[PDB]
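This document starts with two versions of one protein chain, written out as structure tokens and named structure 1 and structure 2.
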Structure 1
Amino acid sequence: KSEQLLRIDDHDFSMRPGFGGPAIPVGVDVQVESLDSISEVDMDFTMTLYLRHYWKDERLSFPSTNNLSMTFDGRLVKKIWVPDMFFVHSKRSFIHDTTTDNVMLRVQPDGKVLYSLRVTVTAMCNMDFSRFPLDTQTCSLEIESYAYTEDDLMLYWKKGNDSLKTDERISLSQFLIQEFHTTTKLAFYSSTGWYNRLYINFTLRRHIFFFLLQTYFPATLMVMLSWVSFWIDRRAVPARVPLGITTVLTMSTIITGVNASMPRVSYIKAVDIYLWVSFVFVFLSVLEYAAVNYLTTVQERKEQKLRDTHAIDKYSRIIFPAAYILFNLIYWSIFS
């Protein structure tokens, strides 16, 4: 029996190795397999990865006539001491068990142990959509020991920045992924004391041109088309008025359609500001002609009682495009 080579019954495996002494160092290696999904409304993401642990235990040493190691499955885990790692700020997680538990243990003749498992974890990530769709988001995944402080367990990256590996085909449907790196930081808990924590960082970006073409182009086209009425004879009211009202209807429908396709985030965004400014411009384009018609009627009535192009149109043809250009310049200077 292979379990009789290791004196399982001759030691107490409820205590950590080197108990009463210096803290036992543990190395951690992480390989990211894929990114499964991301939720903007709930602000979380899902990841599947490989977790590996490295430590030495002299109580597991066994004599051997060669340098061959023994491999055991997850059934041996309940009989020996293993680190109790857990993910901080996680929502749900589980370990694959098809067709059996994805747990592997390798024991070297001097007592070096390799512990590997496959896990899927969902973690939270606070997001800010103030600069949508030009926003940039940062995410992090955290690993920490649950019950052992820094005085008993010392956690560190085994090979520094080389301990993180990612798949060549990792991708997301609506985001771009870049800048993977790892960091470390100490955390303090008033109940028990200080703990070591590890971080895995990456950045997310969007596709600017798709949003530009889908949103900004129709609004600017509609704003430019609303300026057509300044070049039509003022005597054609049944052509001037329905053009304006139909432009207002089309702008409203476009705004509703744009709002229907964005994630349900309930605060003000820059795209909303752009669209509402265009709506206000369209509304003023109709008020202008209304006052021009009223003035023309009043002048005609006075002239009749007594017995060319109106300047408002001339000035508006210049004022409206300059104001819109100035607004665009300021808007693109603030939001880059």
Structure 2
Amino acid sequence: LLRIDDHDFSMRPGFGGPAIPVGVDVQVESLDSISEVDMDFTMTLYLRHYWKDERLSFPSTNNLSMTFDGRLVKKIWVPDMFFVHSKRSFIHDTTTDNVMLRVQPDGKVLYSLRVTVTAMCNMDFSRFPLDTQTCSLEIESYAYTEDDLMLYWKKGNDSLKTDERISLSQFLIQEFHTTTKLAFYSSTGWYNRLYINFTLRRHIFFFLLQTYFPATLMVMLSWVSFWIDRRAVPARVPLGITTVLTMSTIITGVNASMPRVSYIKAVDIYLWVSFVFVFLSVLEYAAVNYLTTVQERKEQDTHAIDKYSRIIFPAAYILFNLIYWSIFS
């Protein structure tokens, strides 16, 4: 039906003349995973192309579109899109190549394929884990400059659809939209580039329950010492030491999961402030013990330091929490 043997498909339509326009639209099937250690995400989508080539015209009386097997895609000419700044990708091939080709009697062509991509995304963790991130996926032609191929969104802002099943267990997904920009390479020229943009927001419940509550409970345990007879030395000393030693484990367990950045995160501040709060309660009792021994040496109830600590330590911690949650909201 299609006159495939007649023509040299190594050359584009309009070869030697003005640029060929090619339109694009997209449907996202899933957003698959995200990594902070590697700074990347994975996405699966359907991608579609539109153009006209009169070498693929055929006669009919119905003026309708026809579908063809799919093994003809490797005989005709086809555009050459690639994903910019991507780590890896593939096209699906079970039970056969997931490819579709439809042609109109005047030579208009529709071409579609299903693909999975993993792409680069630079992340900022200064407000972690109360953070927000923004991402994009880039599309461009490899071989042809804007003097030979013209690339655009087919229907404007309506060119992007999203599956209603899309979900991530740790993030809220929002603000899908599309943009365009021109790009330059020194050795080869100017190119059109298409963008798909979106925003992510992290859920905090896991981190409350797994980090912020136990640190608070250790701080509250250290306060119990102020309520115990100053004469019970082998009770008051280990009570403080054990809380110091636990707070160290919590600090280690948090930071072992993240990338080794060169700046402080919002969770680090909270944990290290709680550490100094616990550390100071040990020096307090050391002072009380020394001053009591001096009194014994002079001579040979509740001490004022205990009496004041019972008020001062909790008030200070409450002030710190008010400030912190005013800053990070």
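Here the rigid core means the biggest group of C-alpha atoms that line up within 1.5 Å when the two forms are laid on top of each other. Numbering for residues begins at 1 and runs along the sequence of structure 1.
Enquirer: Shifts of 2 Å or more in the Cα, rigid core superposed between structures 1 and 2, apply to only one of 112, 158, 118, 240; name it.
Expert: The answer here is 240.
Enquirer: If I superpose the two forms on their rigid core, does the C-alpha of residue 259 end up displaced by 2 Å or more between structures 1 and 2?
Expert: Yes, the C-alpha position differs by at least 2 Å between structures 1 and 2.
Enquirer: Rigid core fitted, then: does residue 250 show a CA shift of 2 angstroms or greater between structures 1 and 2?
Expert: Passes the 2 Å threshold, so yes.
Enquirer: Would you say residue 70 moves its Cα by 2 Å or more between structures 1 and 2, aligning on the core?
Expert: Comparing forms between structures 1 and 2, the residue 70 CA shifts at least 2 Å.
Enquirer: Let me know the CA shift of residue 326 between structures 1 and 2 in Å, rounded to one decimal, core fitted.
Expert: In the core superposition between structures 1 and 2, the C-alpha of residue 326 moves 3.7 Å.
Enquirer: For residue 291, tell me the Cα shift between structures 1 and 2 once the rigid core is superposed, in Å to one decimal.
Expert: Rounded to one decimal, the shift is 0.7 Å.
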